[PDB]
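Consider the single chain below, provided in structure tokens and representing the form solved without the named molecule.
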């Protein structure tokens, strides 16, 4: 007790001097904010502690080419919009499939999109939009492609990382005031700065291909929250990304349903509330999309349990 008070004291000071979430026990509960941006997977939302991505903060989603990181970012955009928010996409990759985006739920027609000339222009344009205070979310695709005017014009050579540092300093201010979430997408082969400014960092991988007899359906995706200033870090989540359709909300609800024991098994059968969802995972998955009311109740109960 003599020790516990001096430690609590120490933490309180640390917290007051450097920010809430500057230290925490990994077992601690998450302090729930007013609103967050759901990710598209409840499993990830849970892994994230606060039921989704935080507002007013920088976020980094990284992984190899074709890992699903864009898909996660696109789902963030869809939810933000679905709650009546405005969204922006700073595109230096020129890779966006809007039909795909549309099928996830993105209102593409009303999605702001910029295809910048340079790295600095991209980040300036980003800041300018953020300072409006009219945006809920902005996605920057991508870090690697934020090439500096000088490099794009002719001719020292370490300045791209310096451009990101400078830009993030400014942006972080604007983001905090505005309540806008910035997502940076990033490859593996200016991340040195982003790594520290980011309140959340998500490591995304493809784990394995999905079945459909002899032809596939998609990829089981794994995400580790390697950095989280809003809740205990180092948590991970797994969910399914189905080609042309995105994250299986339904499949994620089942997985977490059984994880929490709200959903039970009678062998291959999935029980809920004493009634059967389906035999095998895909019928359960299909049953939930055809029956939205019960899918929302499963989600309802999952959040009630975890306080998400």
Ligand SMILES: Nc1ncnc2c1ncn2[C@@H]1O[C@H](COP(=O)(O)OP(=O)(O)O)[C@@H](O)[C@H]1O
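Superpose the two forms; the largest set of C-alphas matching within 1.5 Å is the rigid core. Residue numbers count along the first chain shown, from 1.
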So, in 9 other deposited structures of this protein, taking the root mean square over structures and residues of the Cα distances after a rigid core fit: is 88-96 or 157-165 the more displaced stretch? 157-165
Going by root mean square C-alpha distance after a core fit, say whether 206-214 or 145-153 is farther from the shown form in 9 other deposited structures of this protein. 206-214
Tell me whether residue 189 is absent from the model in at least one third of the other entries compared, counting only those where the residues either side are present. yes
Answer with none, 1 to 3, 4 to 9, or 10 or more: how many deposited residues between residue 189 and residue 190 are not present in the coordinates. 10 or more
Taking residue 109 and residue 110 as adjacent modelled residues, how many residues of the deposited sequence between them have no coordinates (none, 1 to 3, 4 to 9, 10 or more)? none
Of the two stretches 170-178 and 68-76, which shows the higher Cα B-factor on average in the entry? 170-178
Determine, for stretches 131-139 and 209-217, which one has the higher mean CA B-factor as deposited. 209-217
Taking the Cα B-factors listed in the entry, which of 60, 273, 28, 45 comes out highest? 273
Going by the CA temperature factor in the PDB record, which third of the chain does residue 241 belong to: lowest, middle or highest? middle
Hey, what third does residue 93 fall into on Cα B-factor, ranked over its chain? lowest
Residue 115: CA B-factor among chain residues, third -> lowest
Would you mind ranking residue 84 by its C-alpha B-factor against the rest of the chain and naming the third, lowest, middle or highest? middle
Ranked by Cα temperature factor within the chain, is residue 126 in the lowest third, the middle third or the highest third? middle
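As for the form solved in complex with the named molecule, it is not shown, yet the points below apply to it.
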Proximity to the named molecule in the deposited bound form, single hit among 172, 108, 160, 219 (heavy atom within 4.5 Å): 219
Considering the named molecule in the deposited bound form, which of 117, 97, 212, 151 comes within 4.5 Å of it through any heavy atom? 97
Looking at 23-31, 42-50, 62-70, 249-257, which one sits within 4.5 Å of the named molecule in the deposited bound form if you count heavy atoms only? 62-70
Is the gap between residue 187 and the named molecule in the deposited bound form 4.5 Å or less for some heavy atom pair? yes
Do residue 206 and the named molecule come within 4.5 Å of each other in the deposited bound form, heavy atoms counted? yes
With heavy atoms only and a cut-off of 4.5 Å, decide whether residue 243 touches the named molecule in the deposited bound form. yes
